[PDB]
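Written below as structure tokens is the structure these notes are about.
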Amino acid sequence: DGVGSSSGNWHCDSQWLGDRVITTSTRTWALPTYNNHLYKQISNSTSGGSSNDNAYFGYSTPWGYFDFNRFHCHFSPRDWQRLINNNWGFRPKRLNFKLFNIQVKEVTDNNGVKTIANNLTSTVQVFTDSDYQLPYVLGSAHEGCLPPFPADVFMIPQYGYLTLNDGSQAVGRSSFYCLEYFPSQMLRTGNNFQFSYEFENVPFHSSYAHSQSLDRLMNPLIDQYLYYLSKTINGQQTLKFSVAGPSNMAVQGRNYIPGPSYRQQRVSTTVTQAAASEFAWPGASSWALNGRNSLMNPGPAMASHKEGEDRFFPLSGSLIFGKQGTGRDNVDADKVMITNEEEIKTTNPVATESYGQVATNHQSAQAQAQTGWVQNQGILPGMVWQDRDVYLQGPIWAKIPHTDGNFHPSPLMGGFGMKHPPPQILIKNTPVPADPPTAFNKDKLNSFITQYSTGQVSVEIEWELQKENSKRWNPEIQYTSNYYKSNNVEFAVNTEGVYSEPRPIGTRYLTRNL
Amino acid sequence: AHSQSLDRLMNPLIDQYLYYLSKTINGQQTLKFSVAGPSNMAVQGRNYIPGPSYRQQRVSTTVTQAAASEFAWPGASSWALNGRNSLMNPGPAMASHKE
Amino acid sequence: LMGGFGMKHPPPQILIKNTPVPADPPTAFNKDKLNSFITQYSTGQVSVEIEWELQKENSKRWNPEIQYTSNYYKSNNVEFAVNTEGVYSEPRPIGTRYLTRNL
């Protein structure tokens, strides 16, 4: 429109209908100039790294991008509490995104002092990768998302991507992408940008915990009409059979079995434990691709620990969040928040235990029957399992890789897997050259006016709800704040205005039968 | 042919908001955690993992290699059906060799 | 208890704030919330119009009523006016109960 007219209003609210909840969040963003308007080839050689498992090749772009792939970007703690305490499931339906109130500033430095002024004629470029023609980086748990607290002003992360690499070198199959080779809208201070997106059909997330275990689905009062091998010896091959009943539930015939497993090493959170060695990488569970070892993290959805063993967690089978103010490198256990998936112990195997035992020979009068531990078990017919729970500060969705085949493409870090997820939204400040020389020079200009941009961003997502119809008589487990006095209110600001999330919040508090 | 690898789908410029177990000992169970970022891509959390496998024995096409035994059948990867051994051929789709 | 009209739904609170305008951010991404802002303030005009309903007096009282009135006697300043330095002052509290009616 014009310089003196706002191009949008501040929309931040949650609307709770019967089977739907609509979340709207608005944030103020700041966008600097990245790479000084240049594309730069990057690799482990340019970052000084030399281990082959950490080798890479790719490019850093002068473009930024908008990321809102975390639940706390849309749900307040109270809204999250309502969702998890009142619904058996939820899933995103549609998306509305807006950019408005664009403000481009120029920075001039004379001597140790910088002056900031408006550049009303400068432009900012925005486009969406609706055709998914660029590498998708929103499927990784990267920082730079919209802040959970609406009052926080955030910096737009720089967009970068990786391609095929051989050590620090590239190959002929490696691809280079120029983001200026895409049509993009150019916005001055009076312009705004908006688009709508429809989520593809995805299953409802399981925001419930099973009230029954897979091995306890039988009637505890009635025998089965099936027999099991009880005895074998007299005290001669004396085969004896008995009815499987309530007194021996472990040997009863069952129609379904627990889901797959990929065993994790076990770590205790108890201080004054002596470790026998440094094992964080040597003892790690891991998968190899083209000679590169990657850590299995978080791996298949498995129960974090057995009943009563909350002190143990899988070495890399659980999401680890950092508390507010936590450092980047080598922080203590009390500075991080270790999530656990104990709710899925009713259907999924324990992460730090073998799946089971399998016969490994033919027993005879000369050879005793032998069994072997199954540390990793693939998918078998009749298996049932629960996917990893999602969290308030955890990811929402991920892009299913474009491959010939996949099985249960639920993101392993939690969330909804989609072939066509919300498109990447890329933003960049248009370069503004400084005064050029009065004589023609064919070289590309390298002198630009120092600029940055700021504005507001709004994203609205409609969520579909799956209401609970339980006939359970006794009250359910519910997420609740603790009344006991404390120096600060949980999920609030401190005396210095710092917002903090004191604990990870799952979704599985209500119960339903298996 | 894919222009990206499954273990290199992250942004090479931005850290993850997830932590991994870095250290354990002092040099006492001293648990230490660090942010998974571009400097250590191998330990970053990932949503998808490579497909299944059924390991094959490795053969070199280079002449003047000495083999330790006749292994074309004894070293073979194989599946059994009703007491009959059949060669795993060509088996699951797997990369023929490393880079 | 301090005087006035009690309402379950009084005039709503009107809240106003200057939108923060960040200063120049660093050229390398940092996940922390921005703490460098351009120093700003805002000014403008505000208008409020209120319609009041009146209850007229229908007294049959014969003698004149008590009325609030200014005092004619000379003074250095006019009551409810500005001083020589332009300072406006309210010299006394003024109630509302001067007219009379039967009990």
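Letters for chains follow the order of the structure tokens (A, B, ...), residue numbers begin at 1 for each chain, and ligand numbers begin at 1 in the order shown.
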Can you check which parts of chain A lie within 6 Å of chain B? Per residue, the shortest pair of atoms and distance in Å to one decimal, counting only C-alpha atoms, sorted by chain and number, as a Markdown table.
```
| residue | atom | partner | partner_atom | distance |
| --- | --- | --- | --- | --- |
| A:54 | CA | B:41 | CA | 5.6 |
| A:137 | CA | B:10 | CA | 5.3 |
| A:140 | CA | B:10 | CA | 5.6 |
| A:141 | CA | B:16 | CA | 5.0 |
| A:142 | CA | B:16 | CA | 3.9 |
| A:143 | CA | B:17 | CA | 5.4 |
| A:160 | CA | B:11 | CA | 5.2 |
| A:161 | CA | B:11 | CA | 5.3 |
| A:163 | CA | B:4 | CA | 4.8 |
| A:164 | CA | B:4 | CA | 5.2 |
| A:174 | CA | B:3 | CA | 5.6 |
| A:272 | CA | B:28 | CA | 5.6 |
| A:273 | CA | B:29 | CA | 4.8 |
| A:274 | CA | B:28 | CA | 4.2 |
| A:275 | CA | B:29 | CA | 5.3 |
| A:278 | CA | B:25 | CA | 5.9 |
| A:290 | CA | B:98 | CA | 5.0 |
| A:294 | CA | B:42 | CA | 4.4 |
| A:295 | CA | B:43 | CA | 5.0 |
| A:297 | CA | B:45 | CA | 4.9 |
| A:320 | CA | B:19 | CA | 4.9 |
| A:321 | CA | B:18 | CA | 5.2 |
| A:328 | CA | B:35 | CA | 5.2 |
| A:329 | CA | B:34 | CA | 4.3 |
| A:330 | CA | B:33 | CA | 4.9 |
| A:331 | CA | B:33 | CA | 5.1 |
| A:332 | CA | B:32 | CA | 5.1 |
| A:411 | CA | B:47 | CA | 4.5 |
| A:412 | CA | B:47 | CA | 4.2 |
| A:413 | CA | B:47 | CA | 5.3 |
```
If the cut-off is 9 Å, can you tell me the residues of chain C near chain A, counting only C-alpha atoms? I'd like them as a PDB file with C-alpha atoms, in the first residue's frame.
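The result, written out as iface.pdb:
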```pdb
ATOM      1  CA  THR C  19       6.228  -2.429  18.372  1.00  0.00           C
ATOM      2  CA  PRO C  20       9.913  -3.261  18.992  1.00  0.00           C
ATOM      3  CA  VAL C  21      12.230  -2.356  16.122  1.00  0.00           C
ATOM      4  CA  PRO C  22      15.436  -4.436  16.269  1.00  0.00           C
ATOM      5  CA  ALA C  23      18.794  -2.832  15.577  1.00  0.00           C
ATOM      6  CA  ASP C  24      21.204  -4.339  13.053  1.00  0.00           C
ATOM      7  CA  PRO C  25      21.452  -8.094  13.745  1.00  0.00           C
ATOM      8  CA  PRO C  26      24.724 -10.017  13.393  1.00  0.00           C
ATOM      9  CA  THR C  27      25.576 -11.460   9.995  1.00  0.00           C
ATOM     10  CA  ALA C  28      25.824 -14.945  11.561  1.00  0.00           C
ATOM     11  CA  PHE C  29      22.721 -16.683  12.881  1.00  0.00           C
ATOM     12  CA  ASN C  30      22.219 -16.638  16.650  1.00  0.00           C
ATOM     13  CA  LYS C  31      19.242 -18.386  18.230  1.00  0.00           C
ATOM     14  CA  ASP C  32      18.979 -16.042  21.228  1.00  0.00           C
ATOM     15  CA  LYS C  33      16.204 -13.464  21.245  1.00  0.00           C
ATOM     16  CA  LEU C  34      17.301 -10.026  20.090  1.00  0.00           C
ATOM     17  CA  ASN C  35      18.179  -7.550  22.845  1.00  0.00           C
ATOM     18  CA  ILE C  38      16.205   1.141  18.159  1.00  0.00           C
TER      19      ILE C  38
END
```
DSSP strand (DSSP E or B) residues within chain B, as number ranges by chain: B: 16, 19-21, 33-35, 78-81, 84-87
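Across the model, the gap from atom CA of residue 499 of chain A to atom CA of residue 326 of chain A is 13.3 Å.
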Skipping near chain neighbours, those fewer than 5 positions away, what residues fall within 12 Å of residue 79 of chain A using only C-alpha atoms, listed as a ChimeraX atom specification? /A:13-16,21-24,71-74,84-87,392,479,505,507
Export of prior selection with N, CA and C atoms as a PDB file, in the first residue's frame:
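As a result, out-v5.pdb now contains:
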```pdb
ATOM      1  N   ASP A  13      -3.823 -15.903  18.844  1.00  0.00           N
ATOM      2  CA  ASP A  13      -4.933 -16.397  19.650  1.00  0.00           C
ATOM      3  C   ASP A  13      -5.162 -17.858  19.279  1.00  0.00           C
ATOM      4  N   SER A  14      -5.915 -18.551  20.131  1.00  0.00           N
ATOM      5  CA  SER A  14      -6.330 -19.922  19.875  1.00  0.00           C
ATOM      6  C   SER A  14      -7.843 -20.005  20.007  1.00  0.00           C
ATOM      7  N   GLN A  15      -8.483 -20.624  19.019  1.00  0.00           N
ATOM      8  CA  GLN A  15      -9.934 -20.765  18.986  1.00  0.00           C
ATOM      9  C   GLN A  15     -10.276 -22.243  19.072  1.00  0.00           C
ATOM     10  N   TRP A  16     -11.049 -22.615  20.088  1.00  0.00           N
ATOM     11  CA  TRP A  16     -11.389 -24.009  20.346  1.00  0.00           C
ATOM     12  C   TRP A  16     -12.844 -24.251  19.954  1.00  0.00           C
ATOM     13  N   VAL A  21      -9.399 -27.041  16.570  1.00  0.00           N
ATOM     14  CA  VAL A  21      -8.753 -25.934  17.262  1.00  0.00           C
ATOM     15  C   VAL A  21      -7.894 -25.183  16.255  1.00  0.00           C
ATOM     16  N   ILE A  22      -8.041 -23.863  16.219  1.00  0.00           N
ATOM     17  CA  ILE A  22      -7.314 -23.011  15.286  1.00  0.00           C
ATOM     18  C   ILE A  22      -6.315 -22.183  16.084  1.00  0.00           C
ATOM     19  N   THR A  23      -5.032 -22.366  15.792  1.00  0.00           N
ATOM     20  CA  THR A  23      -3.965 -21.638  16.463  1.00  0.00           C
ATOM     21  C   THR A  23      -3.389 -20.579  15.534  1.00  0.00           C
ATOM     22  N   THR A  24      -3.254 -19.363  16.054  1.00  0.00           N
ATOM     23  CA  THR A  24      -2.655 -18.255  15.326  1.00  0.00           C
ATOM     24  C   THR A  24      -1.539 -17.662  16.169  1.00  0.00           C
ATOM     25  N   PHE A  71       6.004 -27.395  18.017  1.00  0.00           N
ATOM     26  CA  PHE A  71       4.637 -27.252  18.513  1.00  0.00           C
ATOM     27  C   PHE A  71       4.463 -25.982  19.338  1.00  0.00           C
ATOM     28  N   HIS A  72       5.483 -25.594  20.106  1.00  0.00           N
ATOM     29  CA  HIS A  72       5.349 -24.398  20.933  1.00  0.00           C
ATOM     30  C   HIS A  72       5.287 -23.115  20.115  1.00  0.00           C
ATOM     31  N   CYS A  73       5.591 -23.174  18.816  1.00  0.00           N
ATOM     32  CA  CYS A  73       5.401 -22.019  17.949  1.00  0.00           C
ATOM     33  C   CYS A  73       3.928 -21.692  17.739  1.00  0.00           C
ATOM     34  N   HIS A  74       3.034 -22.637  18.019  1.00  0.00           N
ATOM     35  CA  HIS A  74       1.608 -22.458  17.788  1.00  0.00           C
ATOM     36  C   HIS A  74       0.754 -22.655  19.029  1.00  0.00           C
ATOM     37  N   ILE A  84      -3.832 -32.034  25.348  1.00  0.00           N
ATOM     38  CA  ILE A  84      -3.366 -33.344  25.791  1.00  0.00           C
ATOM     39  C   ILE A  84      -4.297 -33.950  26.837  1.00  0.00           C
ATOM     40  N   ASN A  85      -4.997 -33.126  27.621  1.00  0.00           N
ATOM     41  CA  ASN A  85      -5.878 -33.661  28.650  1.00  0.00           C
ATOM     42  C   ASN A  85      -7.286 -33.952  28.146  1.00  0.00           C
ATOM     43  N   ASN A  86      -7.666 -33.450  26.969  1.00  0.00           N
ATOM     44  CA  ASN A  86      -9.042 -33.598  26.514  1.00  0.00           C
ATOM     45  C   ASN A  86      -9.206 -34.321  25.183  1.00  0.00           C
ATOM     46  N   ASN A  87      -8.126 -34.781  24.552  1.00  0.00           N
ATOM     47  CA  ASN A  87      -8.235 -35.361  23.221  1.00  0.00           C
ATOM     48  C   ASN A  87      -7.403 -36.629  23.108  1.00  0.00           C
ATOM     49  N   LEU A 392       5.738 -30.486  23.296  1.00  0.00           N
ATOM     50  CA  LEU A 392       5.449 -29.071  23.089  1.00  0.00           C
ATOM     51  C   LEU A 392       6.601 -28.366  22.387  1.00  0.00           C
ATOM     52  N   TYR A 479      -2.123 -33.851  32.999  1.00  0.00           N
ATOM     53  CA  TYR A 479      -1.026 -32.921  33.225  1.00  0.00           C
ATOM     54  C   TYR A 479      -1.526 -31.734  34.036  1.00  0.00           C
ATOM     55  N   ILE A 505       6.797 -31.592  27.727  1.00  0.00           N
ATOM     56  CA  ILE A 505       5.424 -32.041  27.925  1.00  0.00           C
ATOM     57  C   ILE A 505       5.045 -32.936  26.759  1.00  0.00           C
ATOM     58  N   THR A 507       2.119 -35.883  25.149  1.00  0.00           N
ATOM     59  CA  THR A 507       0.704 -35.830  24.817  1.00  0.00           C
ATOM     60  C   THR A 507      -0.095 -36.998  25.367  1.00  0.00           C
TER      61      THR A 507
END
```
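Interatomic distance, atom CA of residue 356 of chain A to atom CA of residue 266 of chain A: 17.1 Å.
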What lies within 6 Å of segment 248-258 of chain A using only C-alpha atoms, ignoring chain neighbours under 3 positions off, as a PyMOL selection string? chain A and resi 244-245+347-348+382-384
What's the 12 Å shell around residue 309 of chain A, counting only C-alpha atoms, without same-chain residues fewer than 3 positions away, as a PDB file with N, CA, C and O atoms, in the first residue's frame?
```
ATOM      1  N   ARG A 266      22.660 -48.819  27.671  1.00  0.00           N
ATOM      2  CA  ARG A 266      21.968 -48.256  28.829  1.00  0.00           C
ATOM      3  C   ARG A 266      22.884 -47.324  29.611  1.00  0.00           C
ATOM      4  O   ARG A 266      24.018 -47.674  29.911  1.00  0.00           O
ATOM      5  N   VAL A 267      22.379 -46.153  29.969  1.00  0.00           N
ATOM      6  CA  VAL A 267      23.125 -45.144  30.725  1.00  0.00           C
ATOM      7  C   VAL A 267      22.326 -44.793  31.965  1.00  0.00           C
ATOM      8  O   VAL A 267      21.122 -44.574  31.877  1.00  0.00           O
ATOM      9  N   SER A 268      22.976 -44.744  33.120  1.00  0.00           N
ATOM     10  CA  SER A 268      22.356 -44.292  34.366  1.00  0.00           C
ATOM     11  C   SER A 268      22.564 -42.794  34.562  1.00  0.00           C
ATOM     12  O   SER A 268      23.667 -42.286  34.387  1.00  0.00           O
ATOM     13  N   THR A 269      21.510 -42.085  34.960  1.00  0.00           N
ATOM     14  CA  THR A 269      21.566 -40.672  35.383  1.00  0.00           C
ATOM     15  C   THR A 269      22.056 -40.479  36.826  1.00  0.00           C
ATOM     16  O   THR A 269      22.280 -39.346  37.245  1.00  0.00           O
ATOM     17  N   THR A 270      22.220 -41.549  37.612  1.00  0.00           N
ATOM     18  CA  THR A 270      22.714 -41.462  38.997  1.00  0.00           C
ATOM     19  C   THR A 270      24.188 -41.053  39.037  1.00  0.00           C
ATOM     20  O   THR A 270      25.035 -41.714  38.439  1.00  0.00           O
ATOM     21  N   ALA A 303      10.384 -48.450  24.214  1.00  0.00           N
ATOM     22  CA  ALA A 303      10.254 -48.030  25.601  1.00  0.00           C
ATOM     23  C   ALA A 303      11.615 -47.634  26.159  1.00  0.00           C
ATOM     24  O   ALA A 303      12.600 -48.362  26.002  1.00  0.00           O
ATOM     25  N   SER A 304      11.666 -46.470  26.809  1.00  0.00           N
ATOM     26  CA  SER A 304      12.934 -45.958  27.317  1.00  0.00           C
ATOM     27  C   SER A 304      13.510 -46.844  28.413  1.00  0.00           C
ATOM     28  O   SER A 304      14.728 -47.051  28.464  1.00  0.00           O
ATOM     29  N   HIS A 305      12.666 -47.366  29.298  1.00  0.00           N
ATOM     30  CA  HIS A 305      13.143 -48.157  30.422  1.00  0.00           C
ATOM     31  C   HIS A 305      12.021 -49.065  30.901  1.00  0.00           C
ATOM     32  O   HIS A 305      10.846 -48.854  30.588  1.00  0.00           O
ATOM     33  N   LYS A 306      12.403 -50.082  31.668  1.00  0.00           N
ATOM     34  CA  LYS A 306      11.432 -50.967  32.286  1.00  0.00           C
ATOM     35  C   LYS A 306      10.764 -50.269  33.469  1.00  0.00           C
ATOM     36  O   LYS A 306      11.163 -49.180  33.891  1.00  0.00           O
ATOM     37  N   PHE A 312      17.397 -44.958  34.159  1.00  0.00           N
ATOM     38  CA  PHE A 312      18.075 -45.380  32.942  1.00  0.00           C
ATOM     39  C   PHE A 312      17.424 -44.748  31.717  1.00  0.00           C
ATOM     40  O   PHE A 312      16.207 -44.558  31.665  1.00  0.00           O
ATOM     41  N   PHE A 313      18.254 -44.431  30.728  1.00  0.00           N
ATOM     42  CA  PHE A 313      17.794 -43.936  29.440  1.00  0.00           C
ATOM     43  C   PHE A 313      18.677 -44.517  28.346  1.00  0.00           C
ATOM     44  O   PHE A 313      19.865 -44.775  28.576  1.00  0.00           O
ATOM     45  N   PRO A 314      18.124 -44.746  27.154  1.00  0.00           N
ATOM     46  CA  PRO A 314      18.953 -45.233  26.045  1.00  0.00           C
ATOM     47  C   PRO A 314      19.991 -44.195  25.647  1.00  0.00           C
ATOM     48  O   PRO A 314      19.756 -42.988  25.745  1.00  0.00           O
ATOM     49  N   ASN A 340      11.385 -39.336  27.816  1.00  0.00           N
ATOM     50  CA  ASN A 340      11.238 -40.778  27.947  1.00  0.00           C
ATOM     51  C   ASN A 340       9.930 -41.216  27.304  1.00  0.00           C
ATOM     52  O   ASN A 340       8.963 -40.455  27.243  1.00  0.00           O
ATOM     53  N   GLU A 342       8.096 -44.107  28.242  1.00  0.00           N
ATOM     54  CA  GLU A 342       7.633 -45.222  29.060  1.00  0.00           C
ATOM     55  C   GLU A 342       6.185 -45.588  28.761  1.00  0.00           C
ATOM     56  O   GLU A 342       5.756 -46.710  29.058  1.00  0.00           O
ATOM     57  N   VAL A 350      11.538 -52.766  25.204  1.00  0.00           N
ATOM     58  CA  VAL A 350      12.417 -51.847  25.916  1.00  0.00           C
ATOM     59  C   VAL A 350      13.654 -51.565  25.076  1.00  0.00           C
ATOM     60  O   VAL A 350      14.262 -52.479  24.502  1.00  0.00           O
ATOM     61  N   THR A 352      16.658 -50.729  25.861  1.00  0.00           N
ATOM     62  CA  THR A 352      17.916 -51.238  26.388  1.00  0.00           C
ATOM     63  C   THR A 352      17.864 -52.732  26.692  1.00  0.00           C
ATOM     64  O   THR A 352      18.681 -53.228  27.475  1.00  0.00           O
TER      65      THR A 352
END
```
